[PDB]
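Novice: Those protein sequences? They're chains W and R, same order as listed.
Here the first sequence is numbered in the working numbering, starting from 110 and rising by one per residue.
Here the second sequence is numbered in the working numbering, starting from 973 and rising by one per residue.
Got a structure for you, questions after.
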Amino acid sequence: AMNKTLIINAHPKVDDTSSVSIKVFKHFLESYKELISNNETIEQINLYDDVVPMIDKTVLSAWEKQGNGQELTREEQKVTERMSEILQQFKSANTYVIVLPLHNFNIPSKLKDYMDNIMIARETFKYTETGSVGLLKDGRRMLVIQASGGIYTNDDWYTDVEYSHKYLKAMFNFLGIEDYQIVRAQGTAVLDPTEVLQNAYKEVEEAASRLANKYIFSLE
Amino acid sequence: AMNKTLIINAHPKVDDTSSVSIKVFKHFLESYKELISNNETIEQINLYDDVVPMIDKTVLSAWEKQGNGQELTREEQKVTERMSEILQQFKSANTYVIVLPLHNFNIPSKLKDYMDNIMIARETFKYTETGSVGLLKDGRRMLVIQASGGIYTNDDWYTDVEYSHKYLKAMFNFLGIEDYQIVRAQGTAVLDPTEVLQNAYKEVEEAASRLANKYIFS
Ligand SMILES: [Cl-]
Ligand SMILES: [Cl-]
Ligand SMILES: [Cl-]
């Protein structure tokens, strides 16, 4: 992986500033940009604006043919080329930032489609005899920024059904990405909006320092 | 009352029986249709063929305007009316069958879009001052038919990452659907394909018997 950070924006509203997770992300990005070395570049994929191919009849057909050395059709060629772009972009980054609203206790549908683009055998993982293993075991880092109506840190039912987080941590650990943090801008339905924003802002500042490996300090 | 079984087909191939989960489902359906009474309507929604709106900018705008009493655009009306049809169909059923392949340890993306259509506050659940509670606690039944390359019943890593089942069970329990069964047509990557099919077949026949409440022993 290069000196490159990749933003994976899973918010249906893409760039709308009034989104809690988008506000927190923008605060993160401003903070991060101050601390990163000059060798670091940044890319962003917008899952609800950019083309992120869904697994359909055509993709399954393309994949079956590729496994038989068979020629692809025009549309099979075009979709797989885009999936290849998305995968190669993912592999090129050693720092990942996922931004999502938690709706209905799982990752956004388009984030599932994105997972379907980047979890590829012989590329990000491989099959063996006792199962499979991840191929990206080289010290990459992941930060998840999640805004939610409810609160998930009370070790109750909500904690148990937070499948967005459970799934993402699991999959990325599988791939080899073991440095994982989630910032929960949680309780937007029951807590003070300025309280949510300010608590999340502080955590993503600390995350920015960590990821950039810098410490920032001011006298009072 | 009209009893209704609703088939939620989450396979991208829709009707192609080269797919294990669809093969098993078709086997289930034939057995069930032989056992049900004349008070039983069967309907099917194909998530990869029928229109299943995903939550996007337009849907969010529509929902905001709805919660304000603001008039919807022609486009916002179109999506919300389709989402309404999907939700009313879901609520009208008392038996559910979900058919899915396991791709990447979670529900198919279109099945998430479907969940986003059917989990609606004041409709299938409601908020309290305590938290949340389902509104469908009335003896409904759910059967999941899931095909997978790996085997998930060994209480190992695979069991720990079976988020398709974990999520679906959790969500439908929450809604009030506590009568839940999953049939795993599993190990397609490692077992004899005839063994996989035959084991799954036996399981769905027994499921069909349980759901129709007509057991025929030989
Ligand atoms: Cl948000
Ligand atoms: Cl299948
Ligand atoms: Cl179970």
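Note that the Cβ used here is the ideal one computed from N, Cα and C, for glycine as well.
Along chain R, in chain order, which residues have C-beta atoms closer than 7 Å to that of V270/W?
Specialist: Here residue 270/W refers to the residue found at position 161 when the first sequence is read from its first residue. Neighbours of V270/W on chain R, chain order: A1142.
Novice: Reducing DSSP to helix, strand and coil, say where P1165/R ends up.
Specialist: Working through the second sequence from its first residue, we reach residue 1165/R at position 193. In the structure shown, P1165/R sits in a helix (DSSP, three-state: H, G or I).
Novice: Check this for me: beta carbons of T1067/R and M1114/R, under 9 Å apart or not?
Specialist: Taking the first residue of the second sequence as position 1, residue 1067/R is located at position 95. Taking the first residue of the second sequence as position 1, residue 1114/R is located at position 142. A contact, by the Cβ cut-off of 9 Å.
Novice: Where does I145/W sit, in a helix, a strand or coil, going by DSSP?
Specialist: Looking up residue 145/W in the first sequence gives position 36. Three-state DSSP puts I145/W in coil, outside helix and strand.
Novice: Does the segment 280–294 of chain W come close enough to the segment 228–235 of chain W that 3 or more CB-CB pairs lie under 8 Å?
Specialist: Judged by Cβ distances under 8 Å, the segment 228–235 of chain W makes contact with the segment 280–294 of chain W, as three or more pairs qualify.
Novice: Going along the chain, which residues of the segment 1056–1090 of chain R sit with their C-beta nearer than 8 Å to a C-beta in chain W?
Specialist: The segment 1056–1090 of chain R vs chain W, Cβ under 8 Å: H1075, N1076, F1077, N1078, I1079, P1080, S1081, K1082, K1084, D1085, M1087, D1088.
Novice: Please enumerate, following chain order, all residues with a beta carbon closer than 6 Å to at least one heavy atom belonging to ligand 1.
Specialist: After applying the 6 Å Cβ criterion, the set is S128/W, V129/W, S130/W, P210/W, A256/W.
Novice: Counting only Cβ pairs nearer than 9 Å, list the residues of chain R close to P162/W.
Specialist: Locating residue 162/W in the first sequence gives position 53, counting from the first residue. Near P162/W there are no residues of chain R at all, since even the closest Cβ is about 11 Å away, more than 9 Å.
Novice: Residues in its own chain within less than 8 Å of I154/W by CB, not counting five upstream and five downstream?
Specialist: By 1-based counting over the first sequence, the position of residue 154/W is 45. Once the five neighbours on either side are set aside, the close Cβ partners of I154/W are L115, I116, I117, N118, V161, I195, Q198, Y223.
Novice: Here's the rule: buried if 16 or more other CB atoms are within 10 angstroms of the residue's CB, otherwise exposed. What is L328/W?
Specialist: As a working note, residue 328/W is residue 219 in the first sequence. By the 10 Å Cβ count, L328/W comes out exposed.
Novice: Given a limit of 9 Å on CB to CB distance, which residues of the segment 110–124 of chain W reach chain R?
Specialist: Against chain R - using a Cβ distance shorter than 9 Å - the residues of the segment 110–124 of chain W are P121, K122, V123.
Novice: Short of 7 Å Cβ to Cβ, which residues in the segment 143–174 of chain W face chain R?
Specialist: Of all residues in the segment 143–174 of chain W, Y157, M163, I164, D165, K166, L169 have a Cβ within less than 7 Å of some Cβ in chain R.
Novice: With a CB to CB cut of under 8 Å and the five nearest residues on each side skipped, what residues in its chain are close to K113/W?
Specialist: As a first step, residue 113/W is located in the first sequence; it is residue number 4 there, counting from the start. If we look at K113/W and ignore the five residues flanking it on each side, its Cβ neighbours are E149, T150, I151, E152, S201, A202, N203, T204.
Novice: Verify whether the separation of the beta carbon atoms of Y272/W and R293/W is less than 9 Å.
Specialist: Position 163 of the first sequence, counted from the first residue, corresponds to residue 272/W. Position 184 of the first sequence, counted from the first residue, corresponds to residue 293/W. Not a contact, by the Cβ cut-off of 9 Å.
Novice: Which whole-angstrom value describes the C-beta separation of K219/W and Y141/W, a residue pair presumed to lie in contact below a C-beta threshold of 8 Å?
Specialist: Here the question's residue 219/W lines up with position 110 in the first sequence. Here the question's residue 141/W lines up with position 32 in the first sequence. Not quite, the Cβ-Cβ distance comes to about 24 Å (not below 8 Å), so this is no contact.
Novice: At the level of alpha carbons, what is the spacing between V299/W and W172/W?
Specialist: Start at 1 with the first residue of the first sequence, and residue 299/W comes out as number 190. Start at 1 with the first residue of the first sequence, and residue 172/W comes out as number 63. Whole-angstrom Cα-Cα distance: 46 Å.
Novice: Counting only Cβ pairs nearer than 9 Å, list the residues of chain R close to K132/W.
Specialist: Counting from 1 along the first sequence, the entry for residue 132/W is found at position 23. Correct list: empty, because the minimum Cβ distance to chain R is about 16 Å.
Novice: Using three-state DSSP, classify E238/W as helix, strand or coil.
Specialist: Locating residue 238/W in the first sequence gives position 129, counting from the first residue. Coil, per DSSP.
Novice: Compute the minimum distance between the beta carbon of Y1068/R and the heavy atoms of ligand 3, and state whether it is under 8 Å.
Specialist: Stepping through the second sequence from its first residue, residue 1068/R is reached at position 96. False, no ligand heavy atom lies under 8 Å from that Cβ.
Novice: Indicate, with yes or no, if ligand 2 has a heavy atom lying under 8 Å from the CB of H1137/R.
Specialist: By 1-based counting over the second sequence, the position of residue 1137/R is 165. Every heavy atom of ligand 2 is 8 Å or more from the Cβ of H1137/R, so no.
Novice: What residues of chain W sit near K1109/R, judged by a beta carbon separation below 9 Å?
Specialist: To locate residue 1109/R, count along the second sequence from 1; it is residue 137. Result: empty, since nearest Cβ-Cβ is about 16 Å, beyond 9 Å.
Novice: Take the Cβ of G1039/R as the centre, count every other Cβ of all protein chains shown within 10 Å, and call the residue buried at 16 or more, exposed below.
Specialist: Within the second sequence, the letter at position 67 stands for residue 1039/R. Flag for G1039/R reads exposed.
Novice: Spell out whether any CB of chain R is found under 9 Å from the CB atom of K235/W.
Specialist: Walking along the first sequence from the start, residue 235/W turns up at place 126. Not one chain R Cβ lies under 9 Å of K235/W.
Novice: DSSP puts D288/W in a beta bridge; with which residues?
Specialist: As a working mapping, residue 288/W is identified with position 179 in the first sequence. Per DSSP, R250/W.
Novice: List the DSSP bridge partners of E1015/R.
Specialist: Against the second sequence, residue 1015/R aligns to sequence position 43. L978/R, per the DSSP bridge assignment.
Novice: Whole angstroms is fine: what's the gap from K985/R's alpha carbon to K166/W's?
Specialist: Residue numbering aside, residue 985/R sits at position 13 when the second sequence is read from its first letter. Residue numbering aside, residue 166/W sits at position 57 when the first sequence is read from its first letter. Those two C-alpha atoms are separated by around 5 Å.
Novice: Is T204/W helix, strand or coil by DSSP?
Specialist: The residue labelled residue 204/W in the question sits at position 95 within the first sequence. Strand.
Novice: Check whether the Cβ atoms of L1074/R and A1119/R sit closer than 9 Å, and answer yes or no.
Specialist: Along the second sequence, one-based indexing puts residue 1074/R at 102. Along the second sequence, one-based indexing puts residue 1119/R at 147. Yes, the Cβ-Cβ distance between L1074/R and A1119/R is below 9 Å.
Novice: Where do the ends of the alpha helix (DSSP H) carrying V1031/R lie?
Specialist: Position 59 of the second sequence holds residue 1031/R. Start and end: 1029–1038.
Novice: How many Å lie between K278/W and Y1187/R at the Cα?
Specialist: In the first sequence, the residue the question calls residue 278/W occupies position 169. In the second sequence, the residue the question calls residue 1187/R occupies position 215. Cα-Cα distance, rounded: 44 Å.
Novice: If I'm right that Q290/W touches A316/W with Cβ under 8 Å, what's the distance once you round it to whole angstroms?
Specialist: Counting from one through the first sequence, the residue named residue 290/W turns up at place 181. Counting from one through the first sequence, the residue named residue 316/W turns up at place 207. Yes, they are in contact, since the Cβ atoms of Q290/W and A316/W sit about 6 Å apart, within 8 Å.
Novice: Given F134/W, which residues of its chain have a CB within under 6 Å of its CB, disregarding the five upstream and five downstream residues?
Specialist: Here residue 134/W refers to the residue found at position 25 when the first sequence is read from its first residue. Closer than 6 Å at the Cβ level, and outside the excluded window around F134/W, lie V208, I254.
Novice: Ordered along the chain, which non-local residues of its own chain (more than five positions away) have a Cβ less than 6 Å from that of residue 333/W?
Specialist: Outside the displayed range of chain W (110 to 329) lies residue 333/W, so it cannot be described from this structure.
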